[PDB]
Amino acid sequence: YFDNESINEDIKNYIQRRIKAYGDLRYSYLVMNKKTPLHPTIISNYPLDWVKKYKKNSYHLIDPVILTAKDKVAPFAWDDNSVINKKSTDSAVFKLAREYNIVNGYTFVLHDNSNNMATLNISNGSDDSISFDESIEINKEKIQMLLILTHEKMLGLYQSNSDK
């Protein structure tokens, strides 16, 4: 269920420390399990009103990047054909995200053996587009590993907390 505010604070802490090495960016680490679909865990520096609105309306159920990630193992851009396709069918999430300047970005995806899907979603925000996309592309293997090691760390911390 991943409700432990204290572990999630160390995870957010672990991500922010390492993710700033690829630039000053917005990120969201979002973890969902099929057994608790309306309570995804979100660990992010996105604007809080957007996060709250996203949680309150269960927007992960209609979010083109999350719907695409279900079918992926490899990272993808939000202007990839698969996301554009889903956007044409339901555009609500991107239309509302535009207010908070969440427009262009990338999603990294991970499935585990506990029925979780984990995503690391990254956006520049309002900043200039080209240098961001080119930094993400040159560093995509490293960012994938950060998602992998964040998720391992998270599962590890929840494992120790449950033992004690």
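Residues carry their position along the shown sequence, with the first being 1.
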| item | value |
| --- | --- |
| Mean C-alpha B-factor comparison - 127-135 and 113-121, higher one | 127-135 |
| Of 58-66 and 94-102, the one with larger mean CA B-factor | 94-102 |
| CA B-factor placement of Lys142, once the chain's modelled residues are sorted into thirds | lowest |
| Where the record places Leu38 (Cα B-factor, split into thirds across the chain) | highest |
| Modelled-residue ranking by C-alpha temperature factor, third containing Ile148 | lowest |
| Within-chain third of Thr89 by Cα B-factor, per the entry | highest |
| CA B-factor ranking of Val31, expressed as a third of its chain | lowest |
